[PDB]
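In: need a structure here:
(chains A and B)
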2 protein chains.
Amino acid sequence: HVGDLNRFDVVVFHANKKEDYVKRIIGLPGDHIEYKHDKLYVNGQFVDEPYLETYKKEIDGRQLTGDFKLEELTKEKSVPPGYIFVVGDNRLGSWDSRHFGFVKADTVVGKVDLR
Amino acid sequence: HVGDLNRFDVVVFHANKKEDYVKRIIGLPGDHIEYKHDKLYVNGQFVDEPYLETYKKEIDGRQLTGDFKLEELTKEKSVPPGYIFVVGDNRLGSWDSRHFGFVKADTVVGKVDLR
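Out: Numbering: from 1, shown residues only, chains lettered A, B, ... in the order given. Pasting the structure now:
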């Protein structure tokens, strides 16, 4: 492989920039997710999110999580088998499944014990 | 794998952010590289770099490539077998082997025909 390379050649090379990310599971396989007016609905049922209270407090009456129905962001109406839908607690500053879609479950390397 | 995951668990997941980068080969296996006063020395011999003239022109008498001996940046005195030492033509704005060390030759996916 190096034999075909010459000094001063301009080359394209591939680099595998692996990275670990930390997010909260909101949807498991089969779940429909909707946010409306800062409230989470999983399969149409409201679910309280106490871990977001501090983030909501900090933004003074403003909405923390933008409204969406899962199918408006992913084109799939439920989390696909083998995948999860994750969202960061720091909603306004988090890149998550709202942006990059579903995460394959077998890429999860650990669970966090939050203290 | 998904069976051990629960809604609202905080998880760590691994993502393989692969990327292609474009740089010029300055050193091939066995080469020693030194820059001194904006001049390249490969195995102690000066080598002219015409492709840098436009970049040197743009910076008004200032030095384009910082001085270094290979062993000061990589701790190895010559490019190791199976590897290459690459540098971007846009020296002052390029992340390259001066920063991340040697690139494995088998990660090169193509050569660029620069026009």
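
In: residue boundaries of the strands in chain A?
Out: Counting by DSSP state E, chain A has these strands, from start to end: A:10-27, A:33-36, A:39-42, A:45-47, A:68-69, A:83-87, A:103-104, A:108-112.

In: partner strands of the first one, parallel or antiparallel?
Out: With DSSP bridges as the criterion, the sheet partners recorded for strand A:10-27 are strand A:83-87 (antiparallel), strand B:10-27 (antiparallel), strand B:108-112 (antiparallel).

In: Determine which stretch of those is the most buried.
Out: Most buried of the strands paired with strand A:10-27 by mean neighbour count (mean count of other CB atoms under 10 Å in any protein chain shown) is strand A:83-87; its value is a mean of 25. To be clear about C-beta, it is placed using only N, CA and C from the backbone, and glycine gets the same treatment.

In: pull the CA atoms of that strand into CSV?
Out: Written as CSV, here are the backbone C-alpha positions of strand A:83-87 (Å, rounded to 0.1, in the frame of the first residue of the first chain):
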residue,chain,number,x,y,z
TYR,A,83,-32.9,1.1,18.6
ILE,A,84,-33.4,3.8,21.2
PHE,A,85,-34.4,7.4,21.2
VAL,A,86,-32.2,9.5,23.4
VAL,A,87,-32.4,13.1,24.5
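
In: beta partners of the nearest residue to residue A:114 once chain neighbours are set aside?
Out: Excluding its sequence neighbours, the residue lying closest to residue A:114 (CB to CB, 6 or more residues apart in numbering or on different chains) is residue B:10, at 5.6 Å. When bridges are called by DSSP bridges, residue B:10 pairs up with residue A:24, residue A:112.

In: give the contact list for residue B:10.
Out: A:22-25, A:111-112, A:114 (CB atoms under 8 Å, 6 or more residues apart in numbering or on different chains).

In: Now distance to residue B:94 too, for the strands of chain A, in JSON lines please.
Out: Shown next, in JSON lines, are the strands of chain A (distance: least, CB to CB, whole Å):
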{"stretch": "strand A:10-27", "distance to residue B:94": "12"}
{"stretch": "strand A:33-36", "distance to residue B:94": "42"}
{"stretch": "strand A:39-42", "distance to residue B:94": "45"}
{"stretch": "strand A:45-47", "distance to residue B:94": "48"}
{"stretch": "strand A:68-69", "distance to residue B:94": "39"}
{"stretch": "strand A:83-87", "distance to residue B:94": "34"}
{"stretch": "strand A:103-104", "distance to residue B:94": "33"}
{"stretch": "strand A:108-112", "distance to residue B:94": "33"}
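
In: Pretty sure residue A:69 sits against residue A:34.
Out: Yes. Between residue A:69 and residue A:34 a contact is recorded at 4.7 Å, counting by CB atoms under 8 Å.

In: Right, I'll call it a day here.
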